[PDB]
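Results of the structural survey
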Protein chains: 2
Amino acid sequence: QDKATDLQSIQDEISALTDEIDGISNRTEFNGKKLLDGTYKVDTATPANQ
Amino acid sequence: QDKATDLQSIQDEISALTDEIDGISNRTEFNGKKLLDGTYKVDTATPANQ
């Protein structure tokens with residue numbers, strides 16, 4: 001029922017909230033250390049990258 | 001958690017204390033004889049060096 005106009009309004013709210021989660025993962029800097037940097041402590045193929 | 005900045009501050013305190021221990025081993029001069037000279041009475045390969 002909800003047409004493309006207000007689908008885009010929903011999208012405004014969502015992408016807004018996306019920027020908020022990005023803001024959580026960014027702002028969360030303990031002692032300057034971005035804890036929720038999802039790339040910072042990743043145990044990739046090389047463990048040293050974590 | 002402690003990043004390189006304040007690791008260097010810790011290092012300032014440590015190396016400071018290193019210079020203090022060096023100062024103990026240096027200042028401790030009984031009758032002018034640096035007792036805590038850690039090279040003075042060493043029984044090396046040659047005993048006479050002690």
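Residues numbered from 1 in each chain as written, not as in the entry; some residues may be left out. Chains lettered and ligands numbered in written order. Part of a larger assembly, values for the part shown. Heavy atoms only, no water.

In the PDB header, cryo-EM is given as the technique by which the entry was determined, and 6.7 Å as its resolution.

**A short note on the overall build of chain A**
Note the following rule: Helix and strand assignments come from DSSP, with helices taken as H or I runs of at least 4 residues and strands as E runs of at least 2, each series counted from the N terminus. Values of the radius of gyration come from C-alpha atoms, whereas the globule rule sets the reference at 2.2 Å times the count of residues to the power 0.38. Using a 1.4 Å probe, accessible areas were evaluated by the Shrake-Rupley method; residue-level cover was limited to the displayed protein chains. As used throughout, the charge tally considers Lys and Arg to be positive and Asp and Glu to be negative, leaving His and the chain termini uncounted. Charge positions are represented by NZ for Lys, CZ for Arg, CG for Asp and CD for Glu.
For chain A, the helix and strand inventory stands at one helix and two strands. Here the C-alpha radius of gyration of chain A, 17 Å, is well above what a compact globule of 50 residues would show, namely 10 Å. Principal-axis analysis of the C-alpha atoms places the extent of chain A at approximately 50 × 30 × 10 Å. Just so you have it, chain A exposes about 4200 Å², and 55% of that area is on carbon and sulfur atoms. In chain A, which carries 5 positive and 10 negative side-chain charges, the distance between the mean positions of the two groups comes to 8 Å.

**Some details on a nonpolar patch on the surface**
All names here are of chain A. The cut-off we apply is this: The patch calculation keeps residues exceeding 30% relative accessible area without a salt bridge and links them within 9 Å when they carry like charges or within 5 Å when they are nonpolar (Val, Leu, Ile, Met, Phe, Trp, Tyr). Just to be clear on terms, a salt bridge is a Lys or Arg side-chain nitrogen sitting within 4 Å of an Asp or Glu carboxyl oxygen. Per-residue accessibility, obtained with a 1.4 Å probe over protein chains only, is compared with the maximum for each type, and a residue is labelled buried under 20%, exposed over 50%, and partly exposed between these values.
Together, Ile21, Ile24, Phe30, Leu35 and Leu36 line one region of the surface with nonpolar side chains, adding up to about 460 Å² of accessible area. Mapped onto the secondary structure, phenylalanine 30 falls in strand β1 (residues 29-30). Of the residues examined, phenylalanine 30 reaches a relative accessible area of 44% and is grouped as partly exposed.

**Some details on the environment of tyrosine 40 of chain A**
Residue and element names in this part refer to chain A. Position of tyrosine 40 relative to the elements: it lies in the segment after β2 (33-34). Residue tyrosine 40 is classed as partly exposed on the basis of its relative accessible area of 35%. With 10 residues separating them in the primary sequence, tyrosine 40 and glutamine 50 have C-alpha atoms 6.4 Å apart.

**Observations concerning the environment of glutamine 1 of chain B**
Worth spelling out the cut-off: In this analysis, two residues are considered to be in contact whenever any of their non-hydrogen atoms come within 4.5 Å of each other.
Note that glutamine 1 of chain B resides in the segment before α1 (4-27). In this structure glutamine 1 of chain B comes out as exposed when scored by relative accessible area, which is 70%. Along the backbone, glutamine 1 of chain B and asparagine 49 of chain B are 48 residues apart, and their C-alpha atoms lie at a distance of 48 Å. The residues touching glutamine 1 of chain B, leaving out its near neighbours within four places in the chain, are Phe30, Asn31 and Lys33 of chain A.

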